[PDB]
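Please read the structure below before turning to the comments.
There are 4 protein chains.
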Amino acid sequence: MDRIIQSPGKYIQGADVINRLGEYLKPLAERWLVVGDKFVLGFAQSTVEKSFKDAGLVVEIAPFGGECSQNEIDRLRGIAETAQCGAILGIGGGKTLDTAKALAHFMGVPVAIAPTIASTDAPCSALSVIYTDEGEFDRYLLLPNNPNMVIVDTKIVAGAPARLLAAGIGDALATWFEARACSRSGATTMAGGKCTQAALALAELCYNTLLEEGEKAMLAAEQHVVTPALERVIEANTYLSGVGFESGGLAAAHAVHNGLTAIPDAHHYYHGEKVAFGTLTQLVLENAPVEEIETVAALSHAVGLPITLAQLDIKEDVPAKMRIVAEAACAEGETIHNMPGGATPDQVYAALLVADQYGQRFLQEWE
Amino acid sequence: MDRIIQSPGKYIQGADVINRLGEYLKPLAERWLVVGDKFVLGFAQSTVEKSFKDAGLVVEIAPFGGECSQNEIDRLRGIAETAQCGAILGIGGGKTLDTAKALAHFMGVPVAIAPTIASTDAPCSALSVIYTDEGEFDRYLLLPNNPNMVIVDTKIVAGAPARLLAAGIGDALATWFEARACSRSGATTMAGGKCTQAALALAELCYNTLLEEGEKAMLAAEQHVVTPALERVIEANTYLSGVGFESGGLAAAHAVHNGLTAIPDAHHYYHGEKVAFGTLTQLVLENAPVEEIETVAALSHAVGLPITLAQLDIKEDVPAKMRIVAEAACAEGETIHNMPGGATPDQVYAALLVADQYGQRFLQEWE
Amino acid sequence: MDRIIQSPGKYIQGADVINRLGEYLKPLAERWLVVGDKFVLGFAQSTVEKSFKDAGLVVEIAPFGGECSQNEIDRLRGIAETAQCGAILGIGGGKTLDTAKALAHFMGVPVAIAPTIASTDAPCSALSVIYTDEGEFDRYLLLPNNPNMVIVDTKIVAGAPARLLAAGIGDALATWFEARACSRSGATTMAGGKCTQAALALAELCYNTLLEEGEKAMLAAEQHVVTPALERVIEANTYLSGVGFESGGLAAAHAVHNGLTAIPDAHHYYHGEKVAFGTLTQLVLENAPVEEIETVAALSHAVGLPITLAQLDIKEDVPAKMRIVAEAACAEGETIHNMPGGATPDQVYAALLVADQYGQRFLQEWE
Amino acid sequence: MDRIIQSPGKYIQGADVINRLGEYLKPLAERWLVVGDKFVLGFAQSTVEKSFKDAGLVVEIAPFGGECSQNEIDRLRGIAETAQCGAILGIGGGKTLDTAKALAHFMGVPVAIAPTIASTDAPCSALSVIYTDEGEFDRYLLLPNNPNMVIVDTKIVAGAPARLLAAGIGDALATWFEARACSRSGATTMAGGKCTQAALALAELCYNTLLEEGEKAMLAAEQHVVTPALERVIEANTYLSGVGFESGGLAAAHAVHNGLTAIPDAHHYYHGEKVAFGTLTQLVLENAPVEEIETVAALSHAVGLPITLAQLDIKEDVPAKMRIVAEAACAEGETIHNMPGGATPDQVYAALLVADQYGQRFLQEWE
Ligand SMILES: [Cl-]
Ligand SMILES: [Zn+2]
Ligand SMILES: [Zn+2]
Ligand SMILES: [Zn+2]
Ligand SMILES: [Zn+2]
Ligand SMILES: [Zn+2]
């Protein structure tokens with residue numbers, strides 16, 4: 001099979017980089033649609049407009065409905081054709097960014113993505129998740145290519161709630177272990193081939209960056225300031241983790257995340273916070289060595305990620321609920337089948353309970 | 001400053017991947033111009049055509065004149081506009097690929113790049129070098145983005161003379177040392193910012209891939225067969241080295257290469273062969289440890305790359321010529337100024353003579 | 001002297017392997033006597049019968065008396081002769097399996113052994129422990145060969161009380177230290193020769209498997225689920241430990257176990273729980289380094305095995321009782337004479353008291 | 001699936017152990033057929049007769065036709081039924097032993113196997129290779145169980161030509177690399193399951209034994225004397241390698257051996273001599289690190305095994321012949337499909353030529 005790696009065309013990261021959006025985006029189009037929800041436009045709209053003006057570009061700002069629905073994409077398509085936009089610039093969190101990527105696809109124009117948080121590794125990916133106007137799952141829209149540009153303002157991200165950075169860390173912490181599993185098993189990545197040497201290097205670089213920089217970065221995030229450690233974790237949460245997961249492979253950790261949403265208890269927890277426990281479950285499933293499990297559990301704990309089912313508010317019908325999680329994780333077409341032996345629901349069920357036990361014993365020892 | 005990494009959107013590599021050109025390219029355009037190297041088309045045109053047809057695409061094959069001149073670009077522009085092509089596919093050596101990238105830029109269409117040799121790391125880069133019809137240098141054409149897709153057929157590459165693989169190795173062997181030098185000095189990369197963690201990991205991965213796989217890969221190249229060592233060295237010569245140099249930084253090795261072209265003696269040697277000696281000169285200039293010089297020298301010699309001036313046919317007015325090489329390498333806007341502390345023409349002159357001296361003594365131990 | 005290793009002809013292990021007894025045993029005989037106690041036949045008879053039926057085999061269920069006595073073997077010999085059995089299948093715990101192996105010997109037929117717990121390393125051995133009709137130890141019965149097949153259902157073993165897995169770990173934890181002692185001293189194994197390289201490799205693998213997988217396997221055991229760590233400790237408790245002790249050697253640890261049954265206080269503790277303290281006694285006796293004593297004590301404690309006399313309910317009049325244990329351990333024909341240099345009852349006495357002190361100081365250091 | 005390891009019931013090796021056949025074999029049967037090569041009986045028949053007689057056993061000597069054909073098995077079956085033999089003892093080389101094992105199977109009696117050379121790992125296996133009277137291949141006879149006893153007289157083996165010990169080393173050297181390959185890919189062993197930990201430990205112990213003991217053992221082999229190093233290599237060549245391959249897995253090395261017999265040039269070379277080059281081919285195919293390739297090539301050369309096609313007298317029309325070898329090695333039901341990711345005939349062809357290059361380069365350097 002072919003070895004494939006895909007990447008956004010340009011990834012840019014720096015403090016106060018929105019001031020420089022105009023010069024960065026000019027080579028792609030002269031007239032831009034700028035999609036942002038009201039909260040994000042609150043602090044950035046002044047700066048976006050100034051940057052485009054000084055650069056000689058025309059901007060047409062369109063406040064974002066808040067949900068990534070086919071209706072909202074169609075709605076913005078109208079405004080954009082009316083204002084004769086040559087590209088879309090999405091700015092904000094995950095759903096606002098997915099909307100920009102889907103819109104720019106249907107219109108056949110380039111897209112720029114400016115995350116205002118580093119809480120998932122979705123931004124750089126060639127994937128948009130579409131919902132109905134009212135918020136239920138609808139379809140996956142796999143896109144022909146990754147965002148043309150990704151611009152991350154590290155000062156904006158430092159301003160966000162620290163819990164969102166740690167959720168991002170939890171998301172990126174799975175990257176290495178799922179890419180490694182797909183390499184061991186010969187699985188196909190979401191880029192359509194086997195692992196390049198490049199993708200595995202970026203996946204492992206992700207994990208080591210979190211080990212070396214996570215706690216230092218959280219200190220900065222809690223103070224809402226920018227230090228070089230925060231810079232590195234943002235790159236790891238965003239570019240490394242994005243290319244890592246998409247061109248390196250997904251496996252049990254994310255299948256387990258999907259299983260955890262198939263029950264209501266953990267609705268109030270972020271994507272990356274569920275993956276955190278998914279990674280620990282995968283380590284039990286593949287029987288990672290004790291030193292590796294402890295390292296992942298310690299790092300997760302150090303940044304506030306859950307390492308037990310109770311810390312995801314799953315406290316009541318635990319056997320019954322884990323049986324649902326396990327069946328969901330092993331559903332047809334789920335990525336847990338990329339694990340080396342494959343995985344049966346009985347096996348995933350076992351890992352779920354054991355990972356939970358392991359986390360409980362860890363919390364009572366380390367404090 | 002901002003940290004920037006740029007990449008082609010999708011990099012694909014595999015044996016006989018030419019059979020799959022059609023499916024890989026369909027998501028980009030329905031109508032394709034193929035700028036093709038005459039030797040490549042000689043044996044492959046039927047196969048390219050069948051690949052496009054089976055995918056439901058219409059293709060217009062255009063044999064390439066051999067030089068990347070404004071005349072040749074204009075001539076191909078006509079053919080493409082007549083045939084109403086939405087994208088350009090270059091397939092062949094460096095000049096074919098540079099022509100496809102320039103053509104696609106002037107037309108404002110996506111471009112796909114299919115190297116049939118792995119002798120430089122230019123294919124993935126956002127740069128095209130334009131000449132006059134008779135091969136004299138004319139100008140640089142910096143492109144706003146990297147090729148949309150790069151597709152490398154390893155079986156086609158294995159057919160080329162092994163000297164071309166080794167030239168590629170010499171080109172890629174410099175990557176780590178120049179990106180590392182730029183990181184030490186805070187220099188700006190060709191992507192316009194400081195180096196990301198990602199680019200440095202790919203640059204160092206490149207170097208280690210060459211150390212571990214170069215001699216094994218050369219064995220396969222000399223038999224024109226495909227082994228996993230060859231696959232990895234092709235990825236290093238192409239994706240790792242391209243992203244490494246462009247987003248990691250250039251320094252003395254390439255500057256010394258340019259200086260070596262300021263004299264006639266080594267005109268008949270490939271780019272990567274002159275870079276090979278540039279890397280040894282940089283190692284003297286930055287006073288790399290002796291183990292490191294020895295490792296780079298041993299690997300270079302093991303794959304037939306020059307490690308002395310005489311092996312580039314520089315045998316006569318060596319001081320006078322090295323004086324020219326040094327002055328040229330230190331010209332304004334040359335990348336030697338990215339070395340920590342910079343480099344004066346007197347310092348580069350000394351490094352040249354000492355590296356040559358070091359290479360000669362290494363050869364005398366018949367290694 | 002000759003180097004000899006003995007092994008069962010086939011060892012099979014898996015989840016729900018009970019379903020596959022028929023196809024696994026078909027090549028050995030067509031008509032099978034199945035020996036099982038009422039409790040085991042309770043949950044397993046239905047499944048065994050279906051497995052034999054579907055495979056084209058004849059089964060004869062023979063409920064087991066509960067004691068491995070000469071008279072009980074003779075009784076089953078009669079039942080077997082009547083039903084014209086070509087093979088024996090024992091399926092309960094230890095006494096069931098010993099009875100099946102001896103019966104098959106006197107009958108001159110193959111035997112398959114299906115343990116439903118992994119709590120001792122006897123299953124694979126060419127040995128049956130014989131009692132009187134009223135339950136007193138009578139003699140060891142050496143068999144000419146090891147069981148023809150051993151089939152371990154990992155799901156059945158996961159269902160059993162976790163305390164039994166820990167006893168199995170305690171039993172298997174001694175294997176490396178006693179085989180290593182016999183190798184150092186040149187002692188003869190129960191297989192009749194000196195150590196093969198093979199048996200020493202399997203004994204040390206056993207120890208390292210417990211070291212790496214013991215705590216992970218106990219988490220799965222306490223939840224009655226199957227994880228790859230549990231799979232590994234089952235193989236270690238059963239095959240590795242079995243071939244290790246029989247073809248690797250016994251020494252002080254088992255001598256001390258036998259001595260510990262020469263007093264009533266520890267009647268309520270399993271074989272492996274007493275062996276666990278025997279291993280610590282041997283480590284004091286052979287003056288292992290403190291790192292080795294501590295590693296064994298920590299692993300023992302981490303899975304709930306005793307590392308003090310008090311944890312074997314030996315709390316009253318300890319000096320007098322240890323004298324009896326020591327004298328018993330040094331009886332004629334005991335394996336403590338395999339220690340390098342032998343051991344006197346005074347020496348074993350001192351080792352017992354000091355090992356007890358060591359365990360106590362360890363428990364006082366906060367678990 | 002299931003973890004399965006199969007083994008002979010008892011493996012014995014020692015100097016002059018044929019003196020002790022009687023006491024070792026008596027517990028299995030009272031009346032023995034001894035199948036023996038005329039040359040082997042030449043020096044051994046008197047000693048065998050005394051050993052069985054002194055032990056109270058009855059023996060019936062049956063000189064062996066030399067070929068393991070159904071006609072010859074039937075001829076010996078007759079003699080055995082007439083003399084009312086309860087078990088078979090084969091004593092000689094490979095054909096004698098395969099004949100004894102098949103005969104014992106058809107008769108449903110135990111078999112004892114006494115190799116007089118240690119040149120393959122077949123003796124301990126549950127497999128017999130049947131030919132026609134005139135030496136052309138007929139069928140494989142998979143046996144329900146491994147030999148009951150294997151007895152290796154190390155002094156008899158020391159008397160054999162040293163080339164045969166080296167052939168045994170070449171055969172045993174592949175064990176680790178093929179078992180490791182099957183473990184990486186989850187292939188099924190010839191024992192019907194996935195790898196036990198035990199079998200991988202024996203396969204790796206085999207490899208390390210050859211590295212540490214191979215050259216010392218060859219010194220003793222050339223003087224026809226017994227040293228502890230020779231004993232360890234015999235155990236490695238016989239028990240470790242046998243259990244390793246059958247319960248650990250076969251892969252490219254043996255597929256490549258089979259392909260090499262598909263051409264006439266190497267008819268005068270022993271099984272293990274061809275396997276030696278098969279291992280090197282596998283190392284190229286799976287892209288083993290150079291240190292590993294060099295270690296295997298160096299050890300192979302140190303004991304006289306071939307590391308080039310010319311050393312197997314394959315010197316003419318080499319590409320044409322290697323294409324035959326490659327196609328044969330990938331035929332349906334060959335073990336090359338156990339390699340991670342499989343291997344196509346083109347990939348094996350490439351490995352063959354490159355491994356040949358590597359061997360040639362090694363011979364002219366490290367001679
Ligand atoms: Cl035309
Ligand atoms: Zn995620
Ligand atoms: Zn270059
Ligand atoms: Zn050049
Ligand atoms: Zn025991
Ligand atoms: Zn073999």
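Chains as they are written, first to last, in the deposited numbering: chain C, 1 to 367; chain D, 1 to 367; chain B, 1 to 367; chain A, 1 to 367.
The C-beta atom is built at its ideal place from N, Cα and C for all residues, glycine as well.
Which term fits residue i, buried or exposed, when burial requires 16 or more other beta carbons within 10 angstroms of its beta carbon?
i                     : result
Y207 (chain A)        : buried
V290 (chain B)        : exposed
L142 (chain C)        : exposed
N287 (chain C)        : buried
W366 (chain A)        : exposed
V109 (chain A)        : buried
residue 378 (chain A) : There is simply no residue 378 (chain A) to check, as chain A begins at 1 and stops at 367 in what is shown.
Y140 (chain A)        : exposed
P115 (chain A)        : buried
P27 (chain C)         : exposed
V59 (chain A)         : buried
Measuring alpha carbon to alpha carbon, tell me which residue in the options is nearest residue i.
i                     : options                           : result
residue 371 (chain A) : A:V226, A:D54, A:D171 and A:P110  : Only positions 1 to 367 of chain A appear in the structure, and residue 371 (chain A) is not among them; the question remains open.
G42 (chain A)         : A:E367, A:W32 and A:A62           : A:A62
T261 (chain C)        : C:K216, C:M322, C:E213 and C:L210 : C:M322
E222 (chain A)        : A:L164, A:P345 and A:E72          : A:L164
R20 (chain C)         : C:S300, C:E332, C:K53 and C:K38   : C:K53
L299 (chain D)        : D:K216, D:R232, D:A350 and D:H267 : D:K216
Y349 (chain D)        : D:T227, D:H301 and D:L285         : D:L285
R232 (chain C)        : C:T281, C:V48 and C:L211          : C:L211
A158 (chain C)        : C:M218, C:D317 and C:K50          : C:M218
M1 (chain D)          : D:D265, D:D346, D:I117 and D:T188 : D:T188
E67 (chain D)         : D:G94, D:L57, D:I79 and D:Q45     : D:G94
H267 (chain C)        : C:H224, C:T295, C:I314 and C:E292 : C:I314
Between residue i and residue j, how many whole angstroms is the CB-CB distance? I'm expecting something under 8 Å.
i              : j              : result
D121 (chain A) : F245 (chain A) : 6 Å
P147 (chain B) : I113 (chain B) : 4 Å
Residues in the same chain with beta-carbon distance under 8 Å from residue i, minus the five sequence neighbours each way, listed in chain order, please.
i              : result
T209 (chain B) : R232, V233, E235, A236 and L240
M339 (chain A) : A181, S185, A251, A252, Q282, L285 and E286
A297 (chain B) : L280, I307, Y358, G359 and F362
Return the chain-ordered list of same chain residues with a C-beta closer than 6 Å to the C-beta of residue i, the five sequence neighbours on each side being excluded.
i              : result
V303 (chain B) : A166, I169, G214 and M218
Once you ignore the five residues that flank residue i on each side, which residues in its own chain have a CB closer than 7 Å to its CB?
i             : result
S51 (chain A) : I18, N19, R20, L21 and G22
Q. Are there three or more Cβ pairs, one per stretch, closer than 8 Å when the stretch 253 to 261 of chain D is compared with the stretch 271 to 278 of chain D?
A. yes
Q) Do three or more CB pairs link the stretch 347 to 364 of chain B to the stretch 308 to 327 of chain B at distances below 8 Å? A) With the cut-off at 8 Å, the stretch 347 to 364 of chain B and the stretch 308 to 327 of chain B touch.
Q.
Would the stretch 6 to 16 of chain C count as touching the stretch 5 to 15 of chain D if we require 3 or more Cβ pairs under 8 Å?
A. The stretch 6 to 16 of chain C, when compared against the stretch 5 to 15 of chain D, does touch it at the 8 Å Cβ threshold.
Q. Does the stretch 129 to 144 of chain C touch the stretch 65 to 79 of chain C, meaning 3 or more C-beta pairs lie closer than 8 Å?
A. Yes, they touch.
(Q) I'd like to know if the stretch 76 to 95 of chain D and the stretch 22 to 40 of chain D are in contact, where contact means that at least 3 CB-CB pairs between them fall below 8 Å. (A) yes
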